[PDB]
Structure formats: structure tokens, C-alpha cells
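A short write-up of the structure that comes next.
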Amino acid sequence: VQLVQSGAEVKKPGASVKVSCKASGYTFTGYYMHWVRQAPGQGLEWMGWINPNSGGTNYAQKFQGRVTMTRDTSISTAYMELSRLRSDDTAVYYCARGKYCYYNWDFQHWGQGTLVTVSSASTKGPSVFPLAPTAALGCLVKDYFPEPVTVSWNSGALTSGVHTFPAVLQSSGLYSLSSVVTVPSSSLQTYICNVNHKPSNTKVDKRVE
Amino acid sequence: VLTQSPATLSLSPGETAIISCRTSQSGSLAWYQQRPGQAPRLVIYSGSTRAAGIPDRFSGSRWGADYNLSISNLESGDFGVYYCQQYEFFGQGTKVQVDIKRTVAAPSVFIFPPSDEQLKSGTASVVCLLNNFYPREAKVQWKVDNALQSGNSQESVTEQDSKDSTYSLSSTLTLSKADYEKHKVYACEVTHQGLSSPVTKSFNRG
Amino acid sequence: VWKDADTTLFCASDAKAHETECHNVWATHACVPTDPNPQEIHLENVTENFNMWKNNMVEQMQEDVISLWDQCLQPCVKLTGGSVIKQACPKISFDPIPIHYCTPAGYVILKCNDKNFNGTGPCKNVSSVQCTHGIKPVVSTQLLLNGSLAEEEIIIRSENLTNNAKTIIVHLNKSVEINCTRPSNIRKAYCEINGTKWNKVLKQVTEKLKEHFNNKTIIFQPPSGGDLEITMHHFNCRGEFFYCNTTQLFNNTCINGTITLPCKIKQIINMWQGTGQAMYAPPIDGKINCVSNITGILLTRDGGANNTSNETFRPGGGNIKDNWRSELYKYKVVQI
Ligand SMILES: *[C@@H]1O[C@H](CO)[C@@H](O)[C@H](O)[C@H]1NC(C)=O
């Protein structure tokens, strides 16, 4: 059995989103498909199920009116659409199936997940500021959206003593993180941080003097 | 509903973790493990029955509304967050994380003034770094001209370095350029177990 | 003395050779004459466990009805997704007739005569029969048509009530007629129901059902999604496939005039019998009229109940084997 979901999504509040879920390795029409999400600082939350042969659905009541579940049996795929998105709909959305044997709840198989970020913010390349110099030095990677960004140093030649921190979400709606490396004062040689933000196709190298 | 406790669990490898779950409705209760960045994997159902590929180290037991998942002889694959489940309902989860015990190590503190380029953008970020310390608990206190800064900053912590078992922390205090050019002494005050008294690294705009 | 067991059963009916209606002919071929003189033995001092949700007889009846529909409702074209086959589209005349199910030598049927047996558990009043009562194989959705009734008062049947994925079948204690017509002189159609009898039966069913949810407020809603066969009362009438909007049926505010449902007859349908869309020929001319007795309903309870009030129930097609369960519920094959 395999379950493969569509890729990550970014939407503005009030927009809708459509997630796919491709099942293989079993009789697709044979087992209910459930959907479950997990928002940051939230537990796991069941949304509903569809009966594939029927196309019939049950939804968690708080989800009535804004969730639509469907399937396409010709390609063994289930679909979940969530409309009128709110920012607290930011979450990982998963599709899940009952244990092979059935009880139909024991969730034996999960999709890899589809991340959905809902924000009024817009795609944005980062700003990159130096953190100038026993000693430490770094780069401050500020005001980008959405996650995530990667940092290397000196094109990968500098790895020891490096700490790249988890991003934080600012009041501005934009993410920010810092990457630092520690060195002997005696070493100050050229140092450049290579910052990549795939969503905005931004790539910056910053020399820190 | 489903009440799972305790909320968090800091443990060393080898020890045993005991998570509890209260239901008010009878029926099959299941446990899931979700590792950072992966889909949850079913670990237990019927309250007491292990799934496929689940080793003896994992065990569940049950008493009335109370449900226990016990993970003995912890190992690297086991860390994450756990959920109890009954039909469509889940518990809030319990994050079980690793804290390798080591001798206490005091933080190295560095303060960084805003880059000129940033001031040119009309914002100012003062960054304060706490390097290579243990245990993870630590306190940062921003003071701008002896004024305590409550809620004007953001923190970020590395995972425990697996090698020296330390943590490194970054705290960023942000202000409008206009607010920033109003005050002179920008101080960063750190309190920690390895420090006999809080340590203040600071600087003057001049 | 006996043990639970599965086996191959045979069918019995009153089908006549002269009669050329499709089911009747199928029965003269597949079945034998109904027992002229049935014999039912009830014995005290015995207890037996029944589970209608796990009764193999349902599977067998299922295979028959699939067999019946394969040679009688042969469609003009079949789109099975993998292929598209053309074939004769014979005009279809059928009325289901009651079919009795019977055991071969060395087996026997046990019958539960508890007047309030809800469908699972031990039974006190047990009897032995060689054949079921006459059951009409009505394939329908939302509404259970032309079935048997509760002897005493309305009964709620389900494998697990809590489990919202378990089908709920309500089994009425007093049937309510549904009159369906399509005037002559095209795809339009309509249904009629006496609002008073119906609504009365709703008051009663909601009170019994509530009785099973710790006296919390019960509310009905139209289906939440899915194929047309499920979201509408769907059934086969005089060879035509009706699809009636039941939105009107579950009307909260009146809890009376005779209410009338808008129905349509379709030529393109999702076979229930398996997978694929079937294309039947256009609807024949002449006034077409089926009058049926509503005896049961299929409901799905909404998940994520949260706050106690407002369980939400949607009439639910579920699985058609449930139609058979609704009649076969009280019987089991045991092996002598
Ligand atoms: C139900 O039974 C009635 C009378 O016995 C019959 O006329 C009607 O056609 C049946 N309904 C269906 C759709 O089978």
C-alpha cells in the first residue's frame, strides 16, 4: 500500500485549496478514505471521510459547509477541497485509510502530507543583513515568505561551528531566522553566507566583514 | 473528549516514558507517533495491541478511562509527539523530547548591533546570541537604556547539539529606526544555571 | 448439538411459468416452489447469539440480486472505465416478488422471535425454520421500500451506534405509502406522501433514536455530498430509474398537507451492482406509476459531534447489502 499526496500550497485568506491523494496497492473503492489535519499548536483533527464507491461523505460538524470531498476512481484518487480559507487553517493536511484485515479507524496508512499555508502575506524574497564580529559572526535573514530558507557558509566549505536557527514568525506576517558561526578571533580570510529561498527564487551571497 | 498527559516529556535515552490518556466513552483507543516532518504512524490499537514493525520496547496498558503508553529503553527513532485516539477524536498530543544529561555549561554571550544596511531600511534588529550551554532552560532579558523589554523580541533555540549536548540560542529585539535612535544603552541580560549571577553583554549606539 | 456455519442455500418462490415479468422468470429458473406447508419449531431452554451485521446470508442474497440484474436489466451500453461495450437493450418489465431462502440437508435456519430484538446479541426466544419469510429484493436508497415491519414499536438497528461510519437502519413499526407518477403525453416525474402519517412517524422515530443518545436534540439534514443514486431517493420503477429529491421530506419546521417530491427518470446511471455507468434506452411512453410502502430508512450520523446538542443525521445510501440485512437480520444458518 502507498498513499501519495499533492505538494505544498500557499493561499490568501478567503481563497480555496484542493489536495489530492493517490492510493495504490489495494482495491481503492474498498475502504473509506478519511482526512486529518494538524495545525501548529493544535492536536490532530479529523475532518471527514468519503465512501469511494458511492462518493458519499461524512464531515466533522464544525467543517460543514466549507469542506468538499470527492474521488476519481478511474485514477484511484481522493480529493479534499477547503474553501474560504482562514489563517488558522494553516496546517498539514493528511489523507488516511483504515487498517488492513475491519474497524476502519485504526489508521495504518498515511499520505506524506500536504502543507498548506494561509496568510494575508505575499511571496517575498528575504533581506540579508550582516552580524559583524573569542568571537562570533553571522547573517540575519529577515522578512521572507513562505518557509523555508537554507543557509550554507562559504559555499559549503565552512560547516563546523555553524548554528542555523529555526525560523520565527513576526507580527509583520513574514518569517525571519539567523545563521551564525563561531571562530577563533585569530582567523579573520573571507567569509560568505549563501542564503537560498526557493519560493521567491532568491539566492543571496553575503560577505561579512 | 480525550485528555492526554503529561503535556511534555524531557527524557534521556534508555529511560521509560509513560503517557496517559482519559476518555469518557468506551471503545478502541489507539496511539500514534509522529516524528518531526513525517506522517504519523500507528503504534497501538485496542489500547493494548502492537502494530506491524513495532518492537517489544513499545507497550500499552489500560485502566478505566486512563490509558497508558509506555516506551521502554528509549532510542533515537522513538522521539517525537504521541497521540491517543478514539474513533474520530484525538488527544492533544504529548511531545516527548531528548535531553542528554551532561555537566552544566554556561553560555557564551554576544550582542550584535544592527547593520547599517538595515538601519537604511528603517528598522533595527539587535541580535543576542547564547552559545553552547546546558541545560536548555535559559533566560534572556532585553534592556534598552535600563528599560525592560517585555514582548519586543523573538527567541529561537537549536536542538540539543548531539555531540557536546549543548544548546545555542538566538534572541532578536526589533524596533523602528525612529524608536531605535531615541535611546543609548542596548543591553542583553542572560540568567542560567551555570551562571552564579545574571550576565549583561551590552553596547552604546556611539 | 449444532454449530455456527456457512453453506450454499437455495431459493424458493411462487413464480409462474406463464408469467413473463423478469424476476418471476428468473425465479422459475433459479428457484423451487415455496413450501406448501412450512414448519416452525420453537424450543424453550435454549439461547443463541446473533449478529446481523455479520450474516453470510446477506452475501448470498447479494450475489443473487446481482445475478438477477445481470440478465434482466441488461443495459444498452456499459462504460466500465476499462472498456465500453454495446449490447441489446431489452425493454424491462419487472416487479420484485417475495423470495424465500432455504437450507440444504444437514443445515437449518434459526429464527429469533424476540419482539424487540435490535439485531445483535443473545436471543432468548429461538425457533428453527427450513426457510425465511417471503422477501422482496427491492434495490433502493435512503428509503427502504416494500420490506417487513416492527411487530411492536420503531427499532433502531446498527453495528455500533457511536461509530459514525456504521450504517443506521431505522425499522418503522407502521409503513407509509409513497405514490410516484409520470403523466403521459418527458423525464419529469413526481412523488406523493401524506404529510400527517409521515410526520407522526418522524416524531416517533426521533423520540426512539433520541432515546438512544441520552436525550440530546436530534436534527435531520440532506446528504452532504456524493453520487446521484445516494443523494436522492433512488429506485427502479417499471423498469425506469427514478431519482427523487427528498430535501422536502426532512422538513424541520412542520414538527402536514400531503407533501409532494420532485422526481426524475434517468437513462444514465451508476450501476450499484459494481462499477461503471450504464446507458439504458430512452423512457417508454405512457403514464408510469409505482406505489411503494416505506418501511425503513438508512441514515449516516455526522462526525465531529462536539457540543452535545444537534446530532446531525443524513439519510444514507450506505451499502445495498444493508437492504438485505434489513430483512435477513433475524436469521442464521447453523450446521447440525
Ligand atoms: C413495491 O410493492 C408494490 C406493491 O406490492 C409494487 O407495485 C411496487 O412496484 C413495488 N416497488 C418497487 C419499486 O419495487
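Every chain in the C-alpha cells has a letter given in the order shown (A, B, ...), and although residue numbers restart at 1 in each chain, ligands are simply numbered from 1 in the order shown.
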8 Å contacts from chain C to chain B using only C-alpha atoms, as a compact mmCIF listing (two decimals) with N, CA and C atoms, in the first residue's frame:
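Saved result, part-v1.txt, follows:
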```txt
# COMPACT_ATOMS: atom_id res chain seq x y z
N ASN C 163 -20.09 4.64 16.39
CA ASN C 163 -19.21 4.65 15.29
C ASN C 163 -19.97 5.27 14.11
N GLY C 303 -20.14 13.13 11.92
CA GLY C 303 -18.97 13.05 12.78
C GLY C 303 -18.62 14.37 13.43
N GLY C 304 -17.66 14.35 14.34
CA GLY C 304 -17.25 15.58 14.99
C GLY C 304 -18.40 16.27 15.68
```
Show which residues sit within 9 Å of segment 17-32 of chain C, as an MDAnalysis selection string. Count only C-alpha atoms, and ignore same-chain residues fewer than 3 positions away. chainID C and resid 10:14 35 68 71:73 92:97 99
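Interface residues on chain A toward chain C (cut-off 8 Å, only C-alpha atoms): residues 46, 47, 48, 53, 54, 55, 56, 57, 58, 59, 60, 61, 62, 68, 69, 70 and 74 of chain A.
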Return the neighbours of chain B among the residues of chain A, cut-off 6 Å, counting only C-alpha atoms, as an mmCIF file with N, CA and C atoms, in the first residue's frame.
```
data_model
loop_
_atom_site.group_PDB
_atom_site.id
_atom_site.type_symbol
_atom_site.label_atom_id
_atom_site.label_comp_id
_atom_site.auth_asym_id
_atom_site.auth_seq_id
_atom_site.Cartn_x
_atom_site.Cartn_y
_atom_site.Cartn_z
ATOM 1 N N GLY A 43 -3.617 19.866 18.141
ATOM 2 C CA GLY A 43 -3.618 18.417 18.042
ATOM 3 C C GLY A 43 -4.073 17.990 16.666
ATOM 4 N N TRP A 46 -9.503 15.342 12.823
ATOM 5 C CA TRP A 46 -10.266 14.643 11.795
ATOM 6 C C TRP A 46 -11.234 15.568 11.172
ATOM 7 N N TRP A 105 -10.788 2.635 11.543
ATOM 8 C CA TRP A 105 -10.377 3.885 12.159
ATOM 9 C C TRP A 105 -8.910 3.777 12.493
ATOM 10 N N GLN A 108 -3.594 2.932 9.795
ATOM 11 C CA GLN A 108 -2.441 2.110 9.490
ATOM 12 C C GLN A 108 -1.636 2.801 8.405
ATOM 13 N N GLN A 112 1.921 11.340 2.693
ATOM 14 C CA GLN A 112 3.127 12.001 3.205
ATOM 15 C C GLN A 112 2.737 13.372 3.709
ATOM 16 N N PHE A 165 19.408 28.730 12.952
ATOM 17 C CA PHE A 165 18.257 28.579 13.844
ATOM 18 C C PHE A 165 16.905 28.334 13.152
#
```
Enumerate, as a ChimeraX atom specification, the complete set of residues in chain A that a backbone-based DSSP assignment places in strand (DSSP E or B). /A:2-5,9-11,17-24,33-38,44-51,56-60,67-72,77-82,91-98,107-110,114-118,124,127-131,135-145,149-153,162-164,168-169,175-183,192-197,202-207
At most 8 Å from ligand 1 (only C-alpha atoms and all ligand atoms): residue list as a count of residues only: 18
Alpha helix (DSSP H) per DSSP on the backbone: members of segment 226-260 of chain C, as a VMD selection string: chain C and resid 228 to 231
Please identify all polymer residues within 12 Å of residue 7 of chain C, counting only C-alpha atoms, omitting same-chain residues fewer than 5 positions from it, and present them as a ChimeraX atom specification. /C:55-57,59-60,102-109,332-336
I'd like the contact shell of residue 203 of chain A - 10 Å cut-off, only C-alpha atoms, skipping same-chain residues fewer than 4 positions apart - returned as a PyMOL selection string. chain A and resi 125-126+149-151+194-198
Would you put the residues from that selection into a file with N, CA and C atoms, as a PDB file, in the first residue's frame?
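Output contents, as saved in out.pdb:
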```pdb
ATOM      1  N   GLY A 125      11.008  37.582  -1.272  1.00  0.00           N
ATOM      2  CA  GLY A 125      12.405  37.223  -1.126  1.00  0.00           C
ATOM      3  C   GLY A 125      12.904  37.846   0.165  1.00  0.00           C
ATOM      4  N   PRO A 126      13.905  37.223   0.806  1.00  0.00           N
ATOM      5  CA  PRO A 126      14.443  37.812   2.039  1.00  0.00           C
ATOM      6  C   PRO A 126      15.382  39.000   1.867  1.00  0.00           C
ATOM      7  N   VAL A 149      13.895  28.611   4.173  1.00  0.00           N
ATOM      8  CA  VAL A 149      15.142  29.030   3.581  1.00  0.00           C
ATOM      9  C   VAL A 149      16.286  28.193   4.100  1.00  0.00           C
ATOM     10  N   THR A 150      17.280  27.981   3.250  1.00  0.00           N
ATOM     11  CA  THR A 150      18.507  27.273   3.633  1.00  0.00           C
ATOM     12  C   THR A 150      19.703  28.219   3.651  1.00  0.00           C
ATOM     13  N   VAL A 151      20.649  27.952   4.548  1.00  0.00           N
ATOM     14  CA  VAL A 151      21.874  28.736   4.645  1.00  0.00           C
ATOM     15  C   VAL A 151      23.047  27.772   4.633  1.00  0.00           C
ATOM     16  N   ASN A 194      25.698  31.810   2.096  1.00  0.00           N
ATOM     17  CA  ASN A 194      24.934  31.590   0.893  1.00  0.00           C
ATOM     18  C   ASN A 194      23.537  31.226   1.347  1.00  0.00           C
ATOM     19  N   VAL A 195      22.607  32.106   1.024  1.00  0.00           N
ATOM     20  CA  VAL A 195      21.248  32.038   1.510  1.00  0.00           C
ATOM     21  C   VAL A 195      20.369  31.757   0.310  1.00  0.00           C
ATOM     22  N   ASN A 196      19.511  30.757   0.436  1.00  0.00           N
ATOM     23  CA  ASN A 196      18.631  30.403  -0.652  1.00  0.00           C
ATOM     24  C   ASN A 196      17.183  30.322  -0.200  1.00  0.00           C
ATOM     25  N   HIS A 197      16.338  31.059  -0.914  1.00  0.00           N
ATOM     26  CA  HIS A 197      14.897  30.993  -0.740  1.00  0.00           C
ATOM     27  C   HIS A 197      14.208  30.549  -1.982  1.00  0.00           C
ATOM     28  N   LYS A 198      13.861  29.268  -2.030  1.00  0.00           N
ATOM     29  CA  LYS A 198      13.381  28.690  -3.266  1.00  0.00           C
ATOM     30  C   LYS A 198      12.040  29.324  -3.689  1.00  0.00           C
TER      31      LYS A 198
END
```
What's the 12 Å shell around residue 148 of chain B, counting only C-alpha atoms, without same-chain residues fewer than 3 positions away, as a list in words?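 With the cut-off at 12 Å, the set is residues 140, 141, 142, 143, 144, 145, 151, 152, 153, 173, 185, 186, 187, 188 and 189 of chain B.
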I want to know what sits within 12 Å of residue 190 of chain A, based on only C-alpha atoms, with residues of the same chain fewer than 3 positions away left out; could you give that as a list in words?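 Those residues are residues 153, 154, 155, 157, 158, 187, 193, 206, 207, 208 and 209 of chain A.
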Pick out the residues sitting within 8 Å of segment 178-187 of chain C, and hand them over as a list in words; count only C-alpha atoms, and ignore anything fewer than 3 positions along from it in its own chain.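 So the residues in contact are residues 190, 191, 192, 193, 264, 265, 266, 283, 285, 286, 287, 288, 289, 290, 291, 292, 293 and 294 of chain C.
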Okay, now the selection with N, CA and C atoms, as a compact mmCIF listing (two decimals), in the first residue's frame?
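As a result, again.txt now contains:
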```txt
# COMPACT_ATOMS: atom_id res chain seq x y z
N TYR C 190 -43.04 12.86 -10.49
CA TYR C 190 -43.29 13.32 -9.12
C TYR C 190 -43.69 12.20 -8.15
N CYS C 191 -43.59 12.48 -6.85
CA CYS C 191 -44.00 11.57 -5.78
C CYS C 191 -44.92 12.25 -4.79
N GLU C 192 -45.79 11.47 -4.16
CA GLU C 192 -46.71 12.00 -3.18
C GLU C 192 -46.67 11.24 -1.85
N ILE C 193 -46.70 11.97 -0.73
CA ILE C 193 -46.74 11.33 0.58
C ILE C 193 -47.70 12.12 1.47
N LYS C 264 -37.09 12.65 -11.01
CA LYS C 264 -36.72 12.46 -12.42
C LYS C 264 -36.35 10.99 -12.80
N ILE C 265 -36.68 10.58 -14.03
CA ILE C 265 -36.29 9.25 -14.51
C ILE C 265 -35.02 9.36 -15.36
N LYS C 266 -34.01 8.55 -15.08
CA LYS C 266 -32.76 8.64 -15.83
C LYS C 266 -32.41 7.45 -16.68
N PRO C 283 -36.86 6.51 -22.03
CA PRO C 283 -38.06 6.14 -21.27
C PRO C 283 -39.21 5.90 -22.18
N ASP C 285 -43.10 5.50 -23.57
CA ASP C 285 -44.31 6.31 -23.46
C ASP C 285 -45.40 5.65 -22.64
N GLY C 286 -46.27 6.49 -22.09
CA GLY C 286 -47.41 6.05 -21.31
C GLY C 286 -47.18 6.48 -19.88
N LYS C 287 -48.26 6.65 -19.14
CA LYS C 287 -48.18 7.04 -17.73
C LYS C 287 -47.52 5.88 -17.00
N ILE C 288 -46.54 6.21 -16.17
CA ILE C 288 -45.78 5.24 -15.36
C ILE C 288 -45.93 5.53 -13.88
N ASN C 289 -46.35 4.52 -13.13
CA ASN C 289 -46.70 4.74 -11.73
C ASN C 289 -46.35 3.63 -10.72
N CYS C 290 -45.46 3.92 -9.77
CA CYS C 290 -45.17 2.96 -8.70
C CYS C 290 -45.61 3.47 -7.34
N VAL C 291 -46.37 2.66 -6.62
CA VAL C 291 -46.77 2.99 -5.25
C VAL C 291 -46.13 2.03 -4.28
N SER C 292 -45.25 2.54 -3.42
CA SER C 292 -44.49 1.64 -2.53
C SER C 292 -44.72 1.91 -1.03
N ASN C 293 -44.39 0.96 -0.16
CA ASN C 293 -44.53 1.21 1.27
C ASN C 293 -43.18 1.46 1.91
N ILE C 294 -43.01 2.68 2.42
CA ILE C 294 -41.81 2.97 3.17
C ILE C 294 -41.88 2.25 4.51
```
Would you compute the distance between atom CA of residue 41 of chain C and atom CA of residue 117 of chain C? Give it in Å to one decimal. 18.7 Å
